[PDB]
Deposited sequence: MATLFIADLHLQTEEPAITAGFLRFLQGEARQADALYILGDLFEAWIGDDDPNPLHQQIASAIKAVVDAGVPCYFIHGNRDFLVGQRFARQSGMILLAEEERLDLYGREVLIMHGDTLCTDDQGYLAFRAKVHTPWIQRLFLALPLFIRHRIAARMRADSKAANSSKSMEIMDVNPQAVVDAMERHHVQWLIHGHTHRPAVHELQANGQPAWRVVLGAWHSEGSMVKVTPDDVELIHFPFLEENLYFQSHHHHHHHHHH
């Protein structure tokens, strides 16, 4: 099986999600053919030189999966688009492009984070265009760490003061550009399986869940596609009347 996850939004303020991801990495991921993280692994990222200990704890945990023989891959999300090759080397992860076409046991699948499909949020797309401009990124990354922290903290509060769903035509365009009948993405926090038509044939769009109260993954096997929801921690069973 090949595993897909996204939208964990890891942050030191949410240690239960971190513990859940660590348990996922120690158990399920070790048995996978491969692990793909389709963006928003972290709630924020201001550069690979950030000494945030959560970053090293996560890198070491992913690296243990990689060293166990499971290749791990990363597509950037809207939150953690600054994840770079230093963190890739620390974690053993391979950084992929914003759109990738995979062969999963014979079926061709397009994978992406999903934010680029939400073309009806022109306010977000303007923001995305700005912070994805390379010279703007290079300028931001050159700022002192403590400056980047304050910029990011203010921008998060400014954004706080309702995720738009995908545009149906944008989905078709992407599935026809890549000539695939399968698409896996996250971003929209709406775990689901959708049927559509692309390239004159039935096609499917599979959406990952965010790690809010439970975990979420997509498991692709040679036989089927599985959207799986599971608790963060080990739920120890314990023991009504007739």
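Taking the first deposited residue as 1, the stretches without any C-alpha atom are 1, 163-169, 248-249, 253-259.
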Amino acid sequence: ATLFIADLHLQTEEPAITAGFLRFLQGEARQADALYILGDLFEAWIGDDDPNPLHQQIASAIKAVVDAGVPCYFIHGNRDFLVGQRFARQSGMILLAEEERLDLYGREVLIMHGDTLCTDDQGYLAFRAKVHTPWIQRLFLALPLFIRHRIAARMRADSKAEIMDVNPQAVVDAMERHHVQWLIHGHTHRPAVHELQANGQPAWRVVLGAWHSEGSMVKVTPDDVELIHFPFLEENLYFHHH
From here on, numbers count along this sequence of modelled residues.
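In the other compared entries of this protein that model both flanking residues, residue 162 lacks coordinates in at least a third of them. For the pair 61-69 and 175-183, the mean B factor over Cα atoms is greater in 175-183. Higher mean CA temperature factor, per the PDB entry, when comparing 95-103 with 152-160: 152-160.
Of the candidates 135, 87, 81, 74, the deposited coordinates give 135 the top C-alpha B factor. Out of 228, 10, 22, 233, the entry records its largest CA B-factor for 233. Among all modelled residues in its chain, residue 213 ranks in the highest third by Cα B-factor. In this PDB entry, the Cα temperature factor of residue 188 sits in the middle third of its chain's modelled residues. Sort the chain's modelled residues by C-alpha temperature factor and residue 198 lands in the highest third, per the entry. Split the chain's modelled residues into thirds by C-alpha temperature factor. Residue 139 is in the middle one.
Annotation for residue 1: CA B-factor lies in the middle third of the chain's modelled residues.
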